[PDB]
Amino acid sequence: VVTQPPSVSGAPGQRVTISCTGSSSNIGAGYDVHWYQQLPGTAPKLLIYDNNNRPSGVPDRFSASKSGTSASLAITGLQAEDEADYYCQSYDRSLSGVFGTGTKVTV
Amino acid sequence: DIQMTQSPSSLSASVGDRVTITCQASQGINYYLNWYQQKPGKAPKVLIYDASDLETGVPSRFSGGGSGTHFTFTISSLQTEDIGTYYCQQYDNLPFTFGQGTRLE
Amino acid sequence: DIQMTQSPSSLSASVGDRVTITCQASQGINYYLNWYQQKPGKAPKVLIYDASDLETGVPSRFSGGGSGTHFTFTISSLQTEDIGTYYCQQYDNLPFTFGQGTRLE
Amino acid sequence: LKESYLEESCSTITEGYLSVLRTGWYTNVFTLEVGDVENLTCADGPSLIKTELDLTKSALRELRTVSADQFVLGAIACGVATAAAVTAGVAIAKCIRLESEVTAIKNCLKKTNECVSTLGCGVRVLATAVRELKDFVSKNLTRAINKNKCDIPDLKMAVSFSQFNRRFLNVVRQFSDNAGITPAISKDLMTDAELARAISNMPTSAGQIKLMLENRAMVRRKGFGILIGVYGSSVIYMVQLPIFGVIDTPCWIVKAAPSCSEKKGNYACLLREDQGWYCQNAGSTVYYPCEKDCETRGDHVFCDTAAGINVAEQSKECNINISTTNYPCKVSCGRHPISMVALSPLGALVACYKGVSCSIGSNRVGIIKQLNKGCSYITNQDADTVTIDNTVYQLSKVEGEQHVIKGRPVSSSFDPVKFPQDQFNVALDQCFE
Amino acid sequence: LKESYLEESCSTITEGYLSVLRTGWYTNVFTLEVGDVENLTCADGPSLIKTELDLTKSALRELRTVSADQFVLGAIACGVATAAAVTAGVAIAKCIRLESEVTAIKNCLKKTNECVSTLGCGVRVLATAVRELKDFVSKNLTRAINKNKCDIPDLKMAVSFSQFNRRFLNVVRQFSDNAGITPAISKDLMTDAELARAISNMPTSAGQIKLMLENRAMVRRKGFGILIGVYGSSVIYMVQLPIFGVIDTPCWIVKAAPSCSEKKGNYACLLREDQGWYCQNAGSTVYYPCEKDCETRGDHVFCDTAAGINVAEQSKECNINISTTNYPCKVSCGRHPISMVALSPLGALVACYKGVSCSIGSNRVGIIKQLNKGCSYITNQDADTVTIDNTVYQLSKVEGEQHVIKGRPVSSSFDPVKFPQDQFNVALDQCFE
Amino acid sequence: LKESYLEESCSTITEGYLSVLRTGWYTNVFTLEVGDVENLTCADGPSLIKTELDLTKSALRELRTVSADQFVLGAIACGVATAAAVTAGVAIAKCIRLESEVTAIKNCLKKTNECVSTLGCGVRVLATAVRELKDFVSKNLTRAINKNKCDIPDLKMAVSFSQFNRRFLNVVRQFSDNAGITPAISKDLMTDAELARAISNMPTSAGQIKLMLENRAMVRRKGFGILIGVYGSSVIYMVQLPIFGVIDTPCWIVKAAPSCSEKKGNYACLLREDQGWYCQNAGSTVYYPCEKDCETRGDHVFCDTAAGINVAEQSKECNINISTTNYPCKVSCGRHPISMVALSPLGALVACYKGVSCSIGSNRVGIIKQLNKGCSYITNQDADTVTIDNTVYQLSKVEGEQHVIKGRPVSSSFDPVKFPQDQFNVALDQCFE
Amino acid sequence: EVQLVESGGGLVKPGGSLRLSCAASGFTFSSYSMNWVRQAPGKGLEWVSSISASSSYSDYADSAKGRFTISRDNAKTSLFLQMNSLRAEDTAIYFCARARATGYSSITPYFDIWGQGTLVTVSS
Amino acid sequence: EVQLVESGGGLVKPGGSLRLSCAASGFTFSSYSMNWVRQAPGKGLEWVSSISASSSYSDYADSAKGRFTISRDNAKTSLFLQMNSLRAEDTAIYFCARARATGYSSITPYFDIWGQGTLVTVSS
Ligand SMILES: *[C@@H]1O[C@H](CO)[C@@H](O[C@@H]2O[C@H](CO)[C@@H](O)[C@H](O)[C@H]2NC(C)=O)[C@H](O)[C@H]1NC(C)=O
Ligand SMILES: *[C@@H]1O[C@H](CO)[C@@H](O[C@@H]2O[C@H](CO)[C@@H](O)[C@H](O)[C@H]2NC(C)=O)[C@H](O)[C@H]1NC(C)=O
Ligand SMILES: *[C@@H]1O[C@H](CO)[C@@H](O[C@@H]2O[C@H](CO)[C@@H](O)[C@H](O)[C@H]2NC(C)=O)[C@H](O)[C@H]1NC(C)=O
Ligand SMILES: *[C@@H]1O[C@H](CO)[C@@H](O)[C@H](O)[C@H]1NC(C)=O
Ligand SMILES: *[C@@H]1O[C@H](CO)[C@@H](O)[C@H](O)[C@H]1NC(C)=O
Ligand SMILES: *[C@@H]1O[C@H](CO)[C@@H](O)[C@H](O)[C@H]1NC(C)=O
Ligand SMILES: *[C@@H]1O[C@H](CO)[C@@H](O)[C@H](O)[C@H]1NC(C)=O
Ligand SMILES: *[C@@H]1O[C@H](CO)[C@@H](O)[C@H](O)[C@H]1NC(C)=O
Ligand SMILES: *[C@@H]1O[C@H](CO)[C@@H](O)[C@H](O)[C@H]1NC(C)=O
């Protein structure tokens, strides 16, 4: 299983950092990490792919990294639009595609 | 002696599951690895020889591969009669060490 | 025995001169050739080993190369303390014949 | 497989090939432990052991000197493909060369023959130790060469030694001859036990794993090796295996032969220049113009994405009505009616014009038919052979569904431009009308 | 040999070569008997025999995985030649791969090492047994490996075994590294004795037999091998030897260099594009644009008819009437004068224009002449060397007769077309007037 | 290194490479003394010595039969380069083949393993004896093979023999496979000891000696060998090592990618066709159009002057305001906008047009930039990777000074000619205006 | 626009069967791997199954093995999930996703385009 | 015209220093090796030193080693010889020469273009 903290919070303009702690079968097996945002009542939106590449049309203040068996998404300049679930995703050598437990951000 | 580490010590899986078992020698043993099934309270039964070759009696869902030092055995779709204990056994040199034996539940 | 012909039997050069010395075995000695400097009234001192390798603390102006049968040694810019007699020495087989020794003055 | 004869242009498109496309590299770093050899010296005389030992030590001392350096579309693409491969590999070797990274690699291989390592530059190389020679040198040969005597009566020692060093000497030959970057992964760089073990460790989907384990001769053939160096008495090198990050997408191959017509007795020939492999990649049509790029195994064509040139999705209009799409389908045109056979997978195109006598026949029956003048499409079911004059071509006996997309050839329906009549690799509307 | 300098196009034609054109394939099917090896196991420990045995048994197990997958005229021709050869070979292996025919082949080779067999698909293959390894494994090694012990003191058998299996291991490498189809016939696929037998068994005229027995290095070069597979413990593979069904017909080679002239001080050039080998085959001129295929030994030029493009018999008018002929002689033309040497067999064409300084000289004399600017023809009798600024070209000291066919060069006698002036591979009358 | 991005033509020129250019050949005539072998016969039965002896004698008897026989500039240059090399070597072998020369060469090698000799044709060849096998056959094997009955119990003899003959058998394999002219100098033709000795004997300046002794892998790679023949029981062959008579002159390499621009939504493109290596030789600019010609080590590019085409000294104006130079700078032009990456030494050119999504990224940061459409130059400091849709190219992490030579691209500033719009390898002013 | 549109979601009694359908439009559907993902109400995303670009490979979560069957019609540009033996725990929104990967470092796919999903309810 | 022009030659007291300069003009100076040659009055020519085309190699006669230093500026198209510790025996005419070689048989250079030379006098 890939684990995230159940929630994080901060004032507008804070940095908040969401961890995605995987294991030696997934993130530690060399598979990269992806992050999705899901605003309430919508399908998820891809925020990040291949650890840190950012799609067109995602604000430059979302930034992410992978290191060891872990990854993190730093939401710099936290803002009212970030009131969403954030799911990391990877792939597992046994389970194949594994989403994390998903972290709600609260502004 | 070739030590025959074998993992995982106990699988459990559903019918239809593509279960896989690993055996890993302490040396190069070429392809000289056999896999056996023992059903509870039965004499063992050979499934694979030479790391990869199906014994004539056994269902073609069984399979295996690897050479040298890491070997793998897979039941490509577990069936209810496949519940049992699986052992690898090198024959590269005397004595013919069996693996630890992995139950599969 | 490997005979170790070494040439020229003597040299003279200025400071700064890129003097070069040759040693030539009677057989193949692979790369098993050492070069020694003997200052007058001193025990010899090793400068190069294995045809090419600087002994520790040897000034990096010294150098050598070659393999098989022909070997060379060069002082890439002579210095006043480098005056002395240079000997090659094979060790490809017993006895470890030294070369004739070439006096550099 | 499927094959449409496009009558409008004397060209086949063969479809239903699936795809495998290399999209990255997986690094396996091999520490071949040459062992204590530079502390052993035979000094008694000529001997079997001395000869193998001198070869081993001479090869090692040689290897320390070896180092790496730390529009006609085909020439372009295969230029980029090789440049990209070496640059991708060299960029990783240049991390591993750092002494902090070698010593980490060597240390994790202390008590295991296989290690997964993350370089400081973040690449998660696999690492492997080869010790068979070191174990021999340390346990057997070091004990046999007493006091530099080594013409011992044990010939089993000398013959054994010539077996164990065989791999090492072969690795030295290959890196030295290729100046540190081999073009392919020999059995001596990576034995087939290690390739299967390395494949099984790739961070990839099980579909690719099974596909790679079956096609491991291709995995070996697409990868390449780079010499890192000699460190202590280990040679360190690395092998870049392919990662096939695109599979199972459609590919097709376009074949063409000269289409001509004798307008007032003058052959207004035309030939399609856009021949070769195409694939869909991730919603883009990709063209692989160089013949080194792509190789088939059954339905799977193994291409390299670094060789591909993207072509507009409209470009398949050249396979549907080239006469009348506005996309610039590339053709050559000119006066001279070359007569030739183009062997497609499921049949042959047979261009047969004034002069040569073309016929088709079967081994059971001899001549079945004399072909008409003009381009003909001979399915591998119509005949076993085609002949062009005295030349005989055996056809590929392969099951598949041939089709004809009918239409009056362009050469026979448009007028050639008066001047220049001969034009090479031009958009079609410059040749005709 | 004869050589005419065609003054008016700065091109030589060299004549008096004799064709030797491959027109079919002869199959030799080899049963290499690897022997009983899978019943032998060494189980006491490391041993010399065990290592050679494990290499043999592993190579055999590896081999079972191997099987085969199944205008710019040069790119066209050499593709067809490659595809036709493989398809012609594979079509026979698909016969032999039938168990109904392996078993016949194997049975006729029961008591003879050589057999002539007709496949059910009608081809009369030769069949050959190689037994030397089976004989050793059966009569020697099976007798020595008592009860899986084989750390045995008879070191003759370990060293001897490593000699007998060497052919087998070389065959396995050559097929595996090429995925079942070798590019050429190694000494390991077919030894010199077997090739001499195979040539002597071909259904061909004694003239071919004698010629093939002399040039057997070429026969080995044009043939190729296909793996048919492993059946029991015999590897079966086949060698397609060439059949040279056309010999002794005339061939010639055309060489050209840029013929330029400074009309109004700016240059105009043309280059003949129809360069390379030509032969008369069966009363048709055949052009061989591949530089890979045609290959001289003495006067004999060996070519593959599958690589040939038929050209109209009028095409030799480009060697007499190029200014006046109505055949579309292909040239390139344009502004920029390349200065270069084209080495013909009996001499050198020397293009020397404004810029470089060209001279000819002999080792005995030094500079003999400073060449006039313009294309010049230098027989190997006029000088030993030609130079182009600092570059020196040694000439072929080959006896033959040289001719000059005089005429004012085309590019000096016709006015260039004003636009487009630079045209690649066009019929001559599109460049001039 | 320096790299000027020439904005107006989407091409880099990379500068500050130094030059090494082959300008002659140095001959070493090896005499490999095969020994007394054909006076020894094993006649008792199968034996180890008999098998090695039979291979040695059969190989020698084989080798006696082996003998040698004695504008798109790229295809021209690599044609001339090979023809010149072989003709220069053959012309020397044809002197050495004279029995009056062989006997002189052999005689001076009576007393020494190395001799310098002047042939009667004046060439001052080096000559070398290889003699280890003769010494074994004479001192050991003749005494052991005795009255035939060579199946002696001494297996050290048999294993020893299989070591000494191994070089000889490899020389036979290489000359026989290549029909007497090897493409490169194996370790079996010339060992590292002999190559270093031969280099140190060359009549050349000390700078070349030091440079060649450092780059001796290149010397081995540029040279080639020719079989003279078998004389008595010596095989005699010669190795042509290069002489690098031009060094240290400037070189540069020009790279280009399609400079497209859109007019009314129609693309117009040009590509520079004058790509590849250039050097100054002796006050002449020389162009090396074929990709086999030149190879880099560090700053030194090792070209062959026989491949070079002299180009006017004005031709460097194609690198500075090609938009107005009067020199006919060769370009292709046409409609179809290829999107591609050209990897330069210090960076990448990235042609990126309507369609593909091009981006640059760093392993530490991901996407740095989405590239603008149009040709872009990406220094290897701006990013670690470039992508073209899903394709990723790793950039060369090499230090050097990148430069930009600014200017509005030609295709953005001149109107294309309406017809023919697609033109291949033409002087630029035929594409525009 | 590049759009996926799921359909066929509804209410099913436990042990029932259902067939979700995801029509794809605006893109070269035969080029892309396709996926189904689901979300139990207020829970995290669960990957369900995947199919390769021309159906040669199919993957399932352990909850989906045997019970579900993914398929695609590249001519209808439609993705299907047959479902059987639906448990109450299978009550979820199911999204189809276009899946994409770059092979450079590793092959882990990511879901660039998502459909708006269809609610499947499994209850009495 | 292809011309070399030496300058800077004059009278120097023994132990003094001097710097000869040879401007090159009319040719692609960066392509050619350059040499200094001298002639003691009425004596034969003596080679003094040489520099490779891009200055990567420099050679000196045993009389010149350490005392002289040859250098070139390929941008100024100028060749220089620094001279130090000038002995009375260094009194000579010094010529610069363009140097050229054909590599065919051996690399021995020859001096195709010479400057008219600058007289250096070393005396009290
Ligand atoms: C190399 O050395 C090892 C270790 O000494 C040898 O292994 C022994 O082999 C003999 C064979 O008769 C056995 O009796 C011993 O039990 C083995 N182990 C030990 C620890 O002695 C090995 O035979 C030697 N030779 C080779 C080729 O490996
Ligand atoms: C392999 O075995 C054969 C016989 O099976 C050996 O041949 C015999 O060798 C002995 C000793 O040389 C002779 O006395 C016999 O006359 C030979 N023939 C027979 C039928 O016994 C042979 O030497 C063995 N070894 C090899 C390498 O062949
Ligand atoms: C080949 O013959 C030479 C010459 O007889 C052998 O060299 C002798 O070897 C013995 C044993 O090592 C020494 O006692 C002698 O001093 C050596 N020299 C001479 C002149 O006898 C050599 O051993 C033989 N074998 C090989 C492989 O060379
Ligand atoms: C092996 O050689 C190295 C070379 O420095 C030396 O340090 C080491 O002590 C040697 N070991 C033995 C066992 O000879
Ligand atoms: C066929 O020609 C028409 C008319 O020129 C063109 O609009 C269309 O794109 C072409 N269609 C195909 C499938 O090539
Ligand atoms: C050799 O192996 C085959 C295959 O197992 C077997 O049928 C045969 O009996 C064996 N023969 C001997 C002599 O062991
Ligand atoms: C050259 O032209 C004339 C007529 O123009 C023709 O008769 C003659 O045959 C041509 N040359 C040759 C060699 O045929
Ligand atoms: C070696 O062979 C040649 C030719 O057979 C013969 O003339 C010579 O006498 C032989 N010498 C010995 C020592 O056998
Ligand atoms: C530019 O082209 C003109 C052509 O007249 C030429 O004179 C000039 O030297 C070229 N280079 C520069 C930098 O102007």
# chains A, B, ... in the order shown; residues from 1 in each chain; ligands from 1

call {"tool": "closest_atom_pairs", "arguments": {"of": "region 27-105 of chain A", "to": "region 61-68 of chain G", "cutoff": "12 Å", "atoms": "only C-alpha atoms", "output": "tab-separated table"}}
result
residue	atom	partner	partner_atom	distance
A:91	CA	G:61	CA	11.8
A:92	CA	G:61	CA	11.1
A:94	CA	G:61	CA	9.9
A:95	CA	G:61	CA	6.8
A:96	CA	G:61	CA	7.7
A:97	CA	G:61	CA	8.3
A:98	CA	G:61	CA	9.5
A:99	CA	G:61	CA	11.9

call {"tool": "residues_around", "arguments": {"residues": "residue 190 (chain E)", "least_positions_apart": "2", "cutoff": "10 Å", "atoms": "only C-alpha atoms", "output": "list in words"}}
result
residues 28, 30, 130, 167, 171, 185, 186, 187, 188, 192, 193, 194, 195, 196, 198, 220, 225, 238 and 239 of chain E

call {"tool": "calpha_fit_and_write", "arguments": {"fixed": "chain G", "moving": "chain H", "output": "PDB file with C-alpha atoms, in the first residue's frame"}}
result
ATOM      1  CA  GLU H   1     -12.674  17.986 -27.380  1.00  0.00           C
ATOM      2  CA  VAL H   2     -10.833  14.963 -26.028  1.00  0.00           C
ATOM      3  CA  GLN H   3     -13.653  13.403 -24.008  1.00  0.00           C
ATOM      4  CA  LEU H   4     -14.441  10.102 -22.347  1.00  0.00           C
ATOM      5  CA  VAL H   5     -18.075   9.390 -21.476  1.00  0.00           C
ATOM      6  CA  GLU H   6     -19.039   6.511 -19.191  1.00  0.00           C
ATOM      7  CA  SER H   7     -22.531   5.019 -19.231  1.00  0.00           C
ATOM      8  CA  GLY H   8     -24.421   1.972 -18.020  1.00  0.00           C
ATOM      9  CA  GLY H   9     -23.885   2.583 -14.315  1.00  0.00           C
ATOM     10  CA  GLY H  10     -26.912   2.022 -12.138  1.00  0.00           C
ATOM     11  CA  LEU H  11     -28.425   0.055  -9.283  1.00  0.00           C
ATOM     12  CA  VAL H  12     -27.725  -3.684  -9.126  1.00  0.00           C
ATOM     13  CA  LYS H  13     -28.703  -6.281  -6.559  1.00  0.00           C
ATOM     14  CA  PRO H  14     -25.719  -8.113  -5.030  1.00  0.00           C
ATOM     15  CA  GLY H  15     -24.719 -11.037  -7.191  1.00  0.00           C
ATOM     16  CA  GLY H  16     -26.065  -9.166 -10.206  1.00  0.00           C
ATOM     17  CA  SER H  17     -24.186  -8.232 -13.350  1.00  0.00           C
ATOM     18  CA  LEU H  18     -23.507  -4.949 -15.100  1.00  0.00           C
ATOM     19  CA  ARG H  19     -21.617  -3.696 -18.146  1.00  0.00           C
ATOM     20  CA  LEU H  20     -20.044  -0.253 -17.971  1.00  0.00           C
ATOM     21  CA  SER H  21     -19.352   1.470 -21.276  1.00  0.00           C
ATOM     22  CA  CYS H  22     -16.963   4.368 -21.901  1.00  0.00           C
ATOM     23  CA  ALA H  23     -17.250   6.035 -25.297  1.00  0.00           C
ATOM     24  CA  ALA H  24     -14.044   7.781 -26.354  1.00  0.00           C
ATOM     25  CA  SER H  25     -14.000  10.700 -28.771  1.00  0.00           C
ATOM     26  CA  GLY H  26     -11.670  13.332 -30.170  1.00  0.00           C
ATOM     27  CA  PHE H  27      -8.479  11.250 -30.082  1.00  0.00           C
ATOM     28  CA  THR H  28      -6.831   8.309 -31.866  1.00  0.00           C
ATOM     29  CA  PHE H  29      -8.361   5.857 -29.435  1.00  0.00           C
ATOM     30  CA  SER H  30      -6.568   2.864 -30.960  1.00  0.00           C
ATOM     31  CA  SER H  31      -3.249   4.428 -29.886  1.00  0.00           C
ATOM     32  CA  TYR H  32      -3.818   4.530 -26.125  1.00  0.00           C
ATOM     33  CA  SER H  33      -4.078   2.101 -23.276  1.00  0.00           C
ATOM     34  CA  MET H  34      -7.326   2.520 -21.389  1.00  0.00           C
ATOM     35  CA  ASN H  35      -8.115   1.995 -17.729  1.00  0.00           C
ATOM     36  CA  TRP H  36     -10.978   1.748 -15.315  1.00  0.00           C
ATOM     37  CA  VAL H  37     -10.583   3.387 -11.922  1.00  0.00           C
ATOM     38  CA  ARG H  38     -13.175   3.587  -9.191  1.00  0.00           C
ATOM     39  CA  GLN H  39     -13.860   5.498  -6.005  1.00  0.00           C
ATOM     40  CA  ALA H  40     -16.032   4.195  -3.220  1.00  0.00           C
ATOM     41  CA  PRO H  41     -18.068   7.156  -1.950  1.00  0.00           C
ATOM     42  CA  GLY H  42     -15.718   9.419  -0.023  1.00  0.00           C
ATOM     43  CA  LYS H  43     -12.917   6.836  -0.159  1.00  0.00           C
ATOM     44  CA  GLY H  44      -9.730   7.041  -2.181  1.00  0.00           C
ATOM     45  CA  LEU H  45      -9.292   6.017  -5.779  1.00  0.00           C
ATOM     46  CA  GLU H  46      -8.873   2.322  -6.524  1.00  0.00           C
ATOM     47  CA  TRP H  47      -7.445   1.113  -9.806  1.00  0.00           C
ATOM     48  CA  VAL H  48      -9.657  -1.626 -11.269  1.00  0.00           C
ATOM     49  CA  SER H  49      -8.295  -2.843 -14.604  1.00  0.00           C
ATOM     50  CA  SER H  50      -6.381  -1.905 -17.733  1.00  0.00           C
ATOM     51  CA  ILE H  51      -6.266  -2.953 -21.377  1.00  0.00           C
ATOM     52  CA  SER H  52      -3.442  -2.490 -23.859  1.00  0.00           C
ATOM     53  CA  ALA H  53      -3.800  -0.401 -26.991  1.00  0.00           C
ATOM     54  CA  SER H  54      -4.834  -3.352 -29.187  1.00  0.00           C
ATOM     55  CA  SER H  55      -6.313  -5.504 -26.375  1.00  0.00           C
ATOM     56  CA  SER H  56      -3.325  -7.858 -26.364  1.00  0.00           C
ATOM     57  CA  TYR H  57      -2.851  -7.385 -22.595  1.00  0.00           C
ATOM     58  CA  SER H  58      -5.421  -7.038 -19.820  1.00  0.00           C
ATOM     59  CA  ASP H  59      -4.750  -6.415 -16.135  1.00  0.00           C
ATOM     60  CA  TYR H  60      -7.020  -6.565 -13.109  1.00  0.00           C
ATOM     61  CA  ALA H  61      -6.876  -5.651  -9.460  1.00  0.00           C
ATOM     62  CA  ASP H  62      -7.223  -8.542  -7.043  1.00  0.00           C
ATOM     63  CA  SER H  63     -10.772  -7.360  -6.357  1.00  0.00           C
ATOM     64  CA  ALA H  64     -11.525  -7.474 -10.097  1.00  0.00           C
ATOM     65  CA  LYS H  65      -9.774 -10.696 -11.151  1.00  0.00           C
ATOM     66  CA  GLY H  66     -12.291 -13.173 -12.539  1.00  0.00           C
ATOM     67  CA  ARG H  67     -15.297 -11.062 -11.579  1.00  0.00           C
ATOM     68  CA  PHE H  68     -14.735  -8.324 -14.177  1.00  0.00           C
ATOM     69  CA  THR H  69     -13.715  -8.413 -17.819  1.00  0.00           C
ATOM     70  CA  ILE H  70     -12.386  -5.348 -19.601  1.00  0.00           C
ATOM     71  CA  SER H  71     -12.630  -5.083 -23.372  1.00  0.00           C
ATOM     72  CA  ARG H  72     -12.363  -2.433 -26.060  1.00  0.00           C
ATOM     73  CA  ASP H  73     -13.692  -1.933 -29.576  1.00  0.00           C
ATOM     74  CA  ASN H  74     -11.178   0.148 -31.496  1.00  0.00           C
ATOM     75  CA  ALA H  75     -13.631   0.502 -34.386  1.00  0.00           C
ATOM     76  CA  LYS H  76     -16.469   1.744 -32.170  1.00  0.00           C
ATOM     77  CA  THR H  77     -13.936   3.731 -30.121  1.00  0.00           C
ATOM     78  CA  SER H  78     -15.623   2.297 -27.047  1.00  0.00           C
ATOM     79  CA  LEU H  79     -14.271   0.742 -23.863  1.00  0.00           C
ATOM     80  CA  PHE H  80     -16.275  -1.797 -21.878  1.00  0.00           C
ATOM     81  CA  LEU H  81     -16.154  -3.363 -18.438  1.00  0.00           C
ATOM     82  CA  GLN H  82     -18.306  -6.408 -17.889  1.00  0.00           C
ATOM     83  CA  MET H  83     -18.919  -6.912 -14.178  1.00  0.00           C
ATOM     84  CA  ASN H  84     -20.269 -10.015 -12.465  1.00  0.00           C
ATOM     85  CA  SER H  85     -20.933 -11.174  -8.916  1.00  0.00           C
ATOM     86  CA  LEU H  86     -21.097  -7.554  -7.807  1.00  0.00           C
ATOM     87  CA  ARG H  87     -20.546  -7.298  -4.062  1.00  0.00           C
ATOM     88  CA  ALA H  88     -21.933  -4.507  -1.916  1.00  0.00           C
ATOM     89  CA  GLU H  89     -18.321  -3.325  -1.566  1.00  0.00           C
ATOM     90  CA  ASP H  90     -18.278  -2.736  -5.344  1.00  0.00           C
ATOM     91  CA  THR H  91     -20.565   0.293  -4.899  1.00  0.00           C
ATOM     92  CA  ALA H  92     -18.459   3.116  -6.333  1.00  0.00           C
ATOM     93  CA  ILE H  93     -18.100   5.754  -8.987  1.00  0.00           C
ATOM     94  CA  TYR H  94     -16.233   4.171 -11.895  1.00  0.00           C
ATOM     95  CA  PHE H  95     -14.055   6.383 -14.092  1.00  0.00           C
ATOM     96  CA  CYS H  96     -12.507   5.358 -17.338  1.00  0.00           C
ATOM     97  CA  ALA H  97      -9.144   6.995 -17.932  1.00  0.00           C
ATOM     98  CA  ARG H  98      -6.863   7.265 -20.902  1.00  0.00           C
ATOM     99  CA  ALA H  99      -3.507   5.901 -19.799  1.00  0.00           C
ATOM    100  CA  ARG H 100      -0.115   7.032 -20.960  1.00  0.00           C
ATOM    101  CA  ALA H 101       3.521   6.410 -20.134  1.00  0.00           C
ATOM    102  CA  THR H 102       7.000   7.672 -20.894  1.00  0.00           C
ATOM    103  CA  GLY H 103       9.431   4.780 -20.985  1.00  0.00           C
ATOM    104  CA  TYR H 104      12.518   6.799 -20.141  1.00  0.00           C
ATOM    105  CA  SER H 105      13.070   5.825 -16.498  1.00  0.00           C
ATOM    106  CA  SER H 106      10.402   3.174 -15.908  1.00  0.00           C
ATOM    107  CA  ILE H 107       7.059   2.125 -17.332  1.00  0.00           C
ATOM    108  CA  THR H 108       4.567   3.391 -14.828  1.00  0.00           C
ATOM    109  CA  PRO H 109       1.468   4.681 -16.639  1.00  0.00           C
ATOM    110  CA  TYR H 110      -0.463   7.768 -15.662  1.00  0.00           C
ATOM    111  CA  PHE H 111      -4.002   8.838 -16.383  1.00  0.00           C
ATOM    112  CA  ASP H 112      -3.949  12.044 -18.389  1.00  0.00           C
ATOM    113  CA  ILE H 113      -7.620  12.191 -19.486  1.00  0.00           C
ATOM    114  CA  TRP H 114     -10.435  11.018 -17.210  1.00  0.00           C
ATOM    115  CA  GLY H 115     -14.103  10.557 -17.852  1.00  0.00           C
ATOM    116  CA  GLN H 116     -16.557  12.103 -15.436  1.00  0.00           C
ATOM    117  CA  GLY H 117     -17.392   8.613 -14.219  1.00  0.00           C
ATOM    118  CA  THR H 118     -20.571   6.579 -13.829  1.00  0.00           C
ATOM    119  CA  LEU H 119     -22.067   5.793 -10.435  1.00  0.00           C
ATOM    120  CA  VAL H 120     -22.636   2.090  -9.771  1.00  0.00           C
ATOM    121  CA  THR H 121     -24.800   1.186  -6.775  1.00  0.00           C
ATOM    122  CA  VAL H 122     -24.838  -2.404  -5.501  1.00  0.00           C
ATOM    123  CA  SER H 123     -27.608  -2.789  -2.929  1.00  0.00           C
ATOM    124  CA  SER H 124     -31.073  -4.157  -2.251  1.00  0.00           C
TER     125      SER H 124
END

call {"tool": "residues_near_ligand", "arguments": {"ligand": "ligand 6", "cutoff": "12 Å", "atoms": "only C-alpha atoms and all ligand atoms", "output": "list in words"}}
result
residues 49, 50, 53 and 55 of chain B; 34, 35, 36, 37, 38, 39, 40, 41, 134, 137, 138, 139, 141, 142, 143, 145, 147, 231, 232 and 233 of chain E
